[PDB]
Amino acid sequence: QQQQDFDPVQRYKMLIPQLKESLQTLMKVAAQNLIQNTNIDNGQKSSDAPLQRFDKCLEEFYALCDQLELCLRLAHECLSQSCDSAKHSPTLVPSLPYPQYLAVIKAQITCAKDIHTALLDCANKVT
Amino acid sequence: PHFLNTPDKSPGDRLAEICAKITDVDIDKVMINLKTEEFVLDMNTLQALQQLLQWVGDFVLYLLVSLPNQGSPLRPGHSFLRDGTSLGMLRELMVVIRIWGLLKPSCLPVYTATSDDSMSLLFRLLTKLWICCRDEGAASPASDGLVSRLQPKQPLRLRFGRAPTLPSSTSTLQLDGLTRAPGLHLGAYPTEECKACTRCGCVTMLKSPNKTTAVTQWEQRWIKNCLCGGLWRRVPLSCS
Amino acid sequence: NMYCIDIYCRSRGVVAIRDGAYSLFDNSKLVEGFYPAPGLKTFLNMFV
Amino acid sequence: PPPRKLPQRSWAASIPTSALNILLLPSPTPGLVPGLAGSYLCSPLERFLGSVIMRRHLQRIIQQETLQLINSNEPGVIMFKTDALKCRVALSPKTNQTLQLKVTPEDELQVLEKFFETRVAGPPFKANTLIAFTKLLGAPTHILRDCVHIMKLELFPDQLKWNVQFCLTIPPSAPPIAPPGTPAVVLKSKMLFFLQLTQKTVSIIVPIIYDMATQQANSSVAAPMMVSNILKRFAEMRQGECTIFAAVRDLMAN
Amino acid sequence: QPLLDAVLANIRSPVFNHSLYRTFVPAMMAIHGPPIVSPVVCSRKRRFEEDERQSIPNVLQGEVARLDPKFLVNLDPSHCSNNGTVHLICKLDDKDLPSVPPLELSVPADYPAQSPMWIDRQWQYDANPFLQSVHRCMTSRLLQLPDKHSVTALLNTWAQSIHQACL
């Protein structure tokens, strides 16, 4: 249960700055840890500043990237489905009754199955 | 014996040796129970814990995960380390590095999570298995089941120094002059080579100049032949 | 869009499954997303 | 050495595993599969995720408005009007449902209803089924009619043995107002309920308005026929209009 | 724009570059834990054997062997057997009058070489007026060749001049 209006566009748009700032923060903490260890090995007791362990931040960056990726994949699936439905199915959404639509769908499925069986028999006879 | 402390009734290392007579857990108790003040030597000690001493920490970690591997197709698996005496020596090392970290925050923690002092629980499990195996103890108690839990802190990919051999059994071994046919842990080991890297065959795999400023203790201590160090060899890096 | 288990393969003939909401962190925080730990997946896996 | 499942835990950390092949390529048998219904290849992972999201939605909706039982050895979140607690899953992959409670009949019918409610979950085709099961609270043998109907439809024991079964929601033959999300019951004097789903070897739905104190029921072959079948057997009034009218509309309507 | 990491990362220029490990490989091991990166059989073998042992870089012979059968190339006594290996003797065999073969001694493969030197120029060319005119046309056309190339230009121009001899 998310209830995000199912619209991916503004979601991705509003989520982009999160990726930006998270990348900024991870680069910052990485540079901090770098200067810390470079003062550790040869410097002195100077790096006294408890920062993030760089594990949680990087991993949550990966996780938000993951969430945006799955959202974009869902958006692509939705648009592709809309496209092919528009391309190979008439517009009847309450001018044909739903039983007629279901019957047409079943008939098309049967014709596709017949085509598939014909091609399979052809491949069999070939071999 | 690397302590420039103040004298007392007995030697510092000698008085530390008797730590065996102590309770099971809460090393933070026993450390002040024996002595706390006279253990610091100088400010310039922040080069051993975070660089080389971390090993021993990881070492004890490598024991835990390797504890429940008796069913593996190897009776001791990787290792067993059920001597106790050597284990007691390592436990003394743990308590002294604990008071070290108490004296300086650049110690070797678990590096992963649950810091708010994993080292304490690690040490208490080690002392538990120790006292469970000191004087002819059992192996795999019920405690073994609970300590077998994999805390989200154990790292991997340790050296475990080793070398090939000459398995010429009975008949013939023909080699060329080159192109062999098949058949010091102070860091200094990146992925690709970065210096001359004078190494050795026993376990060493170390650097030539040691690239340090005041850690000359180990370097000078191992300039000559190391543990059976007749195999101190050298080889340049590859080039494309 | 929830309860995404993470199964993968790295061995020569075996694979490994794990939770995708822990991220090397037992119970410290979450991944800022899908709800975590749906029921019990570890036993369902180990059963077969 | 790999076995460390003597005790239990609450975390998952890189469990190892042909097992994937068996776990994948959905089989048409959801575990036990006694053979009630369902011509759909159901994957073990699929039904597992389905069951976990079902129990999550169930606990959510039982915590939302109704009373439920606090955490204990077994989560009893089936707390209906009078009393009901059956949410234990011996075989977790299959389903999490059992017999709620028995205090009086209206008893193999109880086990039949339990098995029907367990099979009513099936694949996670829609979480609306949760709302339906929540609305399933007719104590005075009100649910028993639909229970026996669904049992006879699924088992065919010994519409005249035709397709007559409608336990789902959002029917296509409903009065078109908006695509329904979870129509279970109407909280009024006359509680609405989908009576049946009639279909030949054509296709139509039939609702019902049980007067819990007004069932006004292509259309030319359905509404006059149902009105006549209702007016004919108008002497069903003891629990008069409990299942006699349903059985007459089902069988004696031809 | 996010360049704060850049200079501080570039700070670690000197030899003691090992700590990077402790900064990245654990987190890496969190996301990427691959034991199978290059488990296939792999071994480094620098060289086995390398030398021509027969002539100059192959390119010259490889290209000249592709010429017409009308030309017949051979070698004189090997006075530059190994390094030079270039003093060619050619015999024009076609529907034209034959003549004296040229010298064709080239330089390293950069080819700034007007290879022919006509070791037998004087007496072989004072023989007859016809072949003298052939030689005249030969040298006149060779002068016209801008940065001549011993590989093909020499023999081609010589054949063209020999075919021009018929006036």
# chains A, B, ... in the order shown; residues from 1 in each chain; ligands from 1
call {"tool": "interface_residues", "arguments": {"of": "chain A", "to": "chain B", "cutoff": "12 Å", "atoms": "only C-alpha atoms", "output": "short mmCIF file (atom, residue, chain, number, x, y, z; two decimals) with N, CA and C atoms, in the first residue's frame"}}
result
data_model
loop_
_atom_site.label_atom_id
_atom_site.label_comp_id
_atom_site.auth_asym_id
_atom_site.auth_seq_id
_atom_site.Cartn_x
_atom_site.Cartn_y
_atom_site.Cartn_z
N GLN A 36 40.72 11.39 6.92
CA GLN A 36 40.91 10.78 8.23
C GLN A 36 42.01 9.73 8.19
N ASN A 37 41.90 8.77 7.28
CA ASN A 37 42.88 7.69 7.23
C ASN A 37 44.24 8.19 6.75
N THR A 38 44.25 9.24 5.91
CA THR A 38 45.53 9.80 5.49
C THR A 38 46.20 10.60 6.59
N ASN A 39 45.44 11.11 7.56
CA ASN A 39 46.04 11.67 8.76
C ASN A 39 46.36 10.60 9.80
N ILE A 40 45.76 9.42 9.69
CA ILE A 40 45.99 8.33 10.63
C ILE A 40 47.36 7.70 10.38
N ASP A 41 47.60 7.29 9.13
CA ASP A 41 48.77 6.49 8.79
C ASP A 41 50.08 7.23 9.05
N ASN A 42 50.12 8.53 8.75
CA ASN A 42 51.37 9.28 8.87
C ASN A 42 51.25 10.57 9.67
N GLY A 43 50.05 11.09 9.93
CA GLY A 43 49.92 12.32 10.67
C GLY A 43 49.93 12.11 12.17
N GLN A 44 48.98 12.73 12.87
CA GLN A 44 48.89 12.62 14.32
C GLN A 44 47.43 12.54 14.72
N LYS A 45 47.18 12.71 16.02
CA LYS A 45 45.82 12.67 16.54
C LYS A 45 45.07 13.94 16.15
N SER A 46 44.66 14.03 14.89
CA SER A 46 43.97 15.20 14.37
C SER A 46 42.53 14.88 13.95
N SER A 47 42.34 13.76 13.27
CA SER A 47 41.02 13.38 12.76
C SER A 47 40.18 12.86 13.92
N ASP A 48 39.51 13.78 14.62
CA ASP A 48 38.58 13.44 15.69
C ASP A 48 37.22 14.03 15.31
N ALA A 49 36.48 13.29 14.49
CA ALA A 49 35.16 13.71 14.03
C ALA A 49 34.35 12.50 13.62
N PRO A 50 33.43 12.02 14.46
CA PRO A 50 32.67 10.81 14.11
C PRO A 50 31.67 11.06 12.99
N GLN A 52 29.68 9.27 9.29
CA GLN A 52 28.93 8.07 8.95
C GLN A 52 29.90 6.98 8.50
N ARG A 53 29.56 5.73 8.82
CA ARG A 53 30.41 4.60 8.47
C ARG A 53 30.50 4.35 6.97
N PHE A 54 29.76 5.12 6.16
CA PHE A 54 29.83 5.09 4.70
C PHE A 54 29.20 3.83 4.13
N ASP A 55 28.82 2.89 5.00
CA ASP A 55 28.14 1.69 4.56
C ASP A 55 26.64 1.95 4.39
N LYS A 56 26.00 2.42 5.45
CA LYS A 56 24.57 2.68 5.44
C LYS A 56 24.18 3.69 4.36
#
call {"tool": "interface_residues", "arguments": {"of": "chain C", "to": "chain E", "cutoff": "10 Å", "atoms": "only C-alpha atoms", "output": "PyMOL selection string"}}
result
chain C and resi 9-12+23-24
call {"tool": "residues_around", "arguments": {"residues": "range 29-33 of chain C", "least_positions_apart": "2", "cutoff": "9 Å", "atoms": "only C-alpha atoms", "output": "list in words"}}
result
residues 56, 59, 60, 61, 62, 63, 64 and 67 of chain A; 2, 20, 21, 22, 23, 25, 26, 27, 35 and 36 of chain C
call {"tool": "residues_around", "arguments": {"residues": "residue 192 in chain D", "least_positions_apart": "4", "cutoff": "9 Å", "atoms": "only C-alpha atoms", "output": "ChimeraX atom specification"}}
result
/D:184-188,207-211,215
call {"tool": "write_last_selection", "arguments": {"atoms": "N, CA, C and O atoms", "output": "compact mmCIF listing (two decimals), in the first residue's frame"}}
result
# COMPACT_ATOMS: atom_id res chain seq x y z
N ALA D 184 -18.51 -5.82 -0.85
CA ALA D 184 -18.78 -7.02 -0.07
C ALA D 184 -20.23 -7.06 0.41
O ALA D 184 -20.95 -8.02 0.14
N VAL D 185 -20.66 -6.01 1.10
CA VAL D 185 -22.01 -5.96 1.65
C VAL D 185 -22.41 -4.50 1.81
O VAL D 185 -21.55 -3.62 1.89
N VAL D 186 -23.71 -4.26 1.86
CA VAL D 186 -24.27 -2.92 2.03
C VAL D 186 -24.75 -2.84 3.48
O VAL D 186 -25.65 -3.57 3.89
N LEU D 187 -24.15 -1.94 4.26
CA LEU D 187 -24.51 -1.78 5.66
C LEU D 187 -25.84 -1.05 5.80
O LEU D 187 -25.89 0.08 6.30
N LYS D 188 -26.93 -1.68 5.36
CA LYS D 188 -28.25 -1.09 5.46
C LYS D 188 -29.25 -2.11 6.01
O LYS D 188 -28.85 -3.19 6.45
N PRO D 207 -27.45 -10.64 -8.02
CA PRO D 207 -27.27 -10.24 -6.62
C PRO D 207 -28.46 -10.63 -5.76
O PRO D 207 -29.42 -11.21 -6.26
N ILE D 208 -28.39 -10.32 -4.47
CA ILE D 208 -29.49 -10.61 -3.55
C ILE D 208 -29.45 -9.58 -2.43
O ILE D 208 -28.38 -9.11 -2.03
N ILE D 209 -30.63 -9.23 -1.93
CA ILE D 209 -30.77 -8.25 -0.85
C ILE D 209 -31.51 -8.96 0.29
O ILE D 209 -32.74 -9.02 0.31
N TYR D 210 -30.75 -9.49 1.24
CA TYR D 210 -31.32 -10.18 2.39
C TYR D 210 -31.82 -9.14 3.38
O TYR D 210 -31.05 -8.28 3.83
N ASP D 211 -33.10 -9.21 3.73
CA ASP D 211 -33.69 -8.27 4.67
C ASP D 211 -33.29 -8.61 6.10
O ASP D 211 -33.95 -9.42 6.76
N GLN D 215 -35.07 -7.92 -2.35
CA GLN D 215 -34.21 -8.36 -3.45
C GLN D 215 -34.96 -8.16 -4.76
O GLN D 215 -35.70 -9.03 -5.22
call {"tool": "closest_atom_pairs", "arguments": {"of": "chain E", "to": "chain B", "cutoff": "8 Å", "atoms": "only C-alpha atoms", "output": "Markdown table"}}
result
| residue | atom | partner | partner_atom | distance |
| --- | --- | --- | --- | --- |
| E:15 | CA | B:194 | CA | 7.2 |
| E:16 | CA | B:211 | CA | 6.5 |
| E:17 | CA | B:190 | CA | 7.9 |
| E:18 | CA | B:190 | CA | 5.8 |
| E:19 | CA | B:187 | CA | 8.0 |
| E:21 | CA | B:190 | CA | 7.3 |
| E:26 | CA | B:155 | CA | 7.3 |
| E:45 | CA | B:179 | CA | 7.5 |
call {"tool": "closest_residue", "arguments": {"among": "A:32, A:95, A:85, A:4", "to": "chain E", "atoms": "only C-alpha atoms"}}
result
A:32
call {"tool": "residues_around", "arguments": {"residues": "residue 185 in chain B", "least_positions_apart": "4", "cutoff": "12 Å", "atoms": "only C-alpha atoms", "output": "MDAnalysis selection string"}}
result
(chainID B and resid 48:56 158:161 189:190 199 203:207 210 218:219 222) or (chainID E and resid 18)
call {"tool": "interface_residues", "arguments": {"of": "chain D", "to": "chain C", "cutoff": "6 Å", "atoms": "only C-alpha atoms", "output": "PyMOL selection string"}}
result
chain D and resi 12-17+52
call {"tool": "write_last_selection", "arguments": {"atoms": "N, CA and C atoms", "output": "short mmCIF file (atom, residue, chain, number, x, y, z; two decimals), in the first residue's frame"}}
result
data_model
loop_
_atom_site.label_atom_id
_atom_site.label_comp_id
_atom_site.auth_asym_id
_atom_site.auth_seq_id
_atom_site.Cartn_x
_atom_site.Cartn_y
_atom_site.Cartn_z
N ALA D 12 17.60 -12.80 8.44
CA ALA D 12 18.02 -13.59 7.28
C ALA D 12 19.38 -13.11 6.82
N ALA D 13 20.34 -14.03 6.74
CA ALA D 13 21.72 -13.69 6.38
C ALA D 13 22.26 -14.75 5.43
N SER D 14 22.10 -14.51 4.12
CA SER D 14 22.72 -15.31 3.06
C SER D 14 22.50 -16.81 3.23
N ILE D 15 21.26 -17.26 3.14
CA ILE D 15 20.95 -18.69 3.21
C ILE D 15 21.32 -19.32 1.87
N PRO D 16 21.92 -20.52 1.86
CA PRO D 16 22.31 -21.14 0.59
C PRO D 16 21.24 -22.05 0.01
N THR D 17 21.40 -22.42 -1.26
CA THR D 17 20.47 -23.32 -1.94
C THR D 17 21.11 -23.86 -3.21
N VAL D 52 1.49 -14.03 2.46
CA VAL D 52 2.03 -13.07 3.42
C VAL D 52 1.35 -11.72 3.24
#
call {"tool": "residues_around", "arguments": {"residues": "residue 115 in chain B", "least_positions_apart": "4", "cutoff": "12 Å", "atoms": "only C-alpha atoms", "output": "MDAnalysis selection string"}}
result
(chainID A and resid 53) or (chainID B and resid 108:111 119:121 152:153) or (chainID C and resid 28)
